[PDB]
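What is reported rests on the model, the rules as stated and the sources as named; these are not laboratory values. Here Cβ is always computed from backbone atoms with ideal geometry, including for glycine, and neighbour counts include all displayed protein chains.
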Amino acid sequence: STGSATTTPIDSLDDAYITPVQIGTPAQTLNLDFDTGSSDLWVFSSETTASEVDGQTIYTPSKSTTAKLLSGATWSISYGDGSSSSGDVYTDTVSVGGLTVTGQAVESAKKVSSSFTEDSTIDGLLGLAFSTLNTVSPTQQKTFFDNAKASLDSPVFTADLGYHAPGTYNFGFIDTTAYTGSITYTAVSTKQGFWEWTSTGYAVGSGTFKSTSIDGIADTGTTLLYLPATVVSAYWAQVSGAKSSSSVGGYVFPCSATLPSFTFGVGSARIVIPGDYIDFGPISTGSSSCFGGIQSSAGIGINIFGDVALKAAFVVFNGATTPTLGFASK
């Protein structure tokens with residue numbers, strides 16, 4: 001089997017992407033944030049504290065003839081941005097772009113933190129990291145990809161995120177029309193539960209490539225590109241007036257600037273992030289200070305190849321017995 005679904009930016013900055021997902025019988029369609037950095041499929045629901053729902057579409061398990069309470073199971077998750085959610089668990093039929101999994105754990109939110117409530121466009125998350133990170137207790141649950149894998153024509157999914165435009169998540173096949181040149185594959189460590197890999201270096205603009213190993217994660221659920229402070233300083237030093245602002249929470253730059261590109265290495269290959277992809281607009285409405293799309297990872301503990309990086313590429317998440325990542329230009 002295969003599936004193919006369009007993913008759409010939630011706003012004019014590409015802060016996140018939503019993909020429609022069919023849950024239950026008859027189908028209830030929710031727009032989920034596909035997140036290769038976590039491993040829980042959770043939704044706003046009829047059980048979510050009413051004051052914490054503000055415009056989201058909810059899953060109502062009592063209206064699904066295929067929903068079953070997963071008795072005793074609870075979940076609770078905290079994300080790198082400080083947001084969180086928790087609740088109980090149902091199993092139900094879940095379909096993405098024509099690919100159907102029966103018996104998928106659908107984690108129903110009883111509580112969500114304010115940033116989720118405040119984002120009316122995201123009805124939940126669909127985790128695509130390794131199932132060892134799933135938070136369901138006392139019986140850990142599998143991701144949608146892990147449950148679908150055996151049925152797929154090939155044990156892969158691909159992320160093709162657009163810049164200010166829709167893109168595609170495919171399951172079970174590699175669309176050879178969706179990229180240019182060849183796909184370069186690189187080793188993955190699953191030891192932390194992430195799609196963790198080592199970039200071979202970077203360049204800023206038209207500058208020379210610096211060969212240096214940068215371990216990080218491919219994370220579709222993180223907006224920006226978080227890299228070591230040395231690398232980020234070298235980038236922003238090329239932008240007149242750019243500075244790190246403790247009050248704003250990262251590097252800012254004059255909105256009048258033209259940003260240089262940023263290149264990252266994948267083995268001997270190179271992925272070029274155009275300068276425009278690194279512009280996240282005014283820090284507050286009407287400001288002439290703009291927020292940078294490349295930020296230091298020094299306070300995180302891990303480097304994160306988020307959407308800023310991934311949307312410059314066609315990305316293969318290869319879930320073979322030894323997982324690997326593939327990157328192609330597009």
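The table below lists the values:
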quantity	calculated
Strands (runs of 3 or more DSSP E) wholly inside the stretch 222-265 that include at least 3 residues being under 23 Å from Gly201 (Cα atoms) and in contact (Cβ under 8 Å) with a residue 40 or more places away in the chain	225-227
Checking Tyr277 against (1) in contact with a strand residue (DSSP E or B) (Cβ under 6 Å, 6 or more places away or on another chain); (2) under 15 Å from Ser12 (Cβ atoms), the condition it does not meet	(1)
Members of the stretch 1-13 found to be part of a loop (DSSP other than H, G, I, E, B) and either touching a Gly at 6+ places or on another chain (Cβ under 7 Å) or crowded, with 22+ Cβ neighbours inside 10 Å (or both), listed by number	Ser1, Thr2, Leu13
Single condition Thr208 does not satisfy, out of (1) over 18 Å from the mean Cα position of the chain (by Cα); (2) in contact (Cβ under 8 Å) with a residue 40 or more places away in the chain	(2)
Residues that are small (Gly, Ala, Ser) and farther than 22 Å from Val231 by Cα, drawn from the stretch 272-328	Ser284, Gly286, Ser287, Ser288, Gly319, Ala320, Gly326, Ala328
Wholly enclosed strands (runs of 3 or more DSSP E) of the stretch 98-190 bearing at least 1 residues touching a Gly at 6+ places or on another chain (Cβ under 6 Å)	99-112, 156-160, 167-171, 184-187
Residue in the stretch 15-29 that is assigned to a strand (DSSP E or B), within 17 Å of the chain's Cα centre (by Cα) and of a type in the set (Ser, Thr, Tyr) present	yes
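Listed here are the residues, each with its yes/no results for (1) part of a loop (DSSP other than H, G, I, E, B); (2) surrounded by 14 or more Cβ atoms within 10 Å (Cβ to Cβ); (3) polar (S, T, N, Q); (4) not assigned by CATH to the domain that holds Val106.
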{"residue": "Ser51", "(1), (2), (3), (4)": "no, no, yes, no"}
{"residue": "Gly55", "(1), (2), (3), (4)": "yes, no, no, no"}
{"residue": "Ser62", "(1), (2), (3), (4)": "no, no, yes, no"}
{"residue": "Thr65", "(1), (2), (3), (4)": "yes, no, yes, no"}
{"residue": "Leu69", "(1), (2), (3), (4)": "no, no, no, no"}
{"residue": "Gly72", "(1), (2), (3), (4)": "no, no, no, no"}
{"residue": "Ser76", "(1), (2), (3), (4)": "no, yes, yes, no"}
{"residue": "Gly80", "(1), (2), (3), (4)": "yes, yes, no, no"}
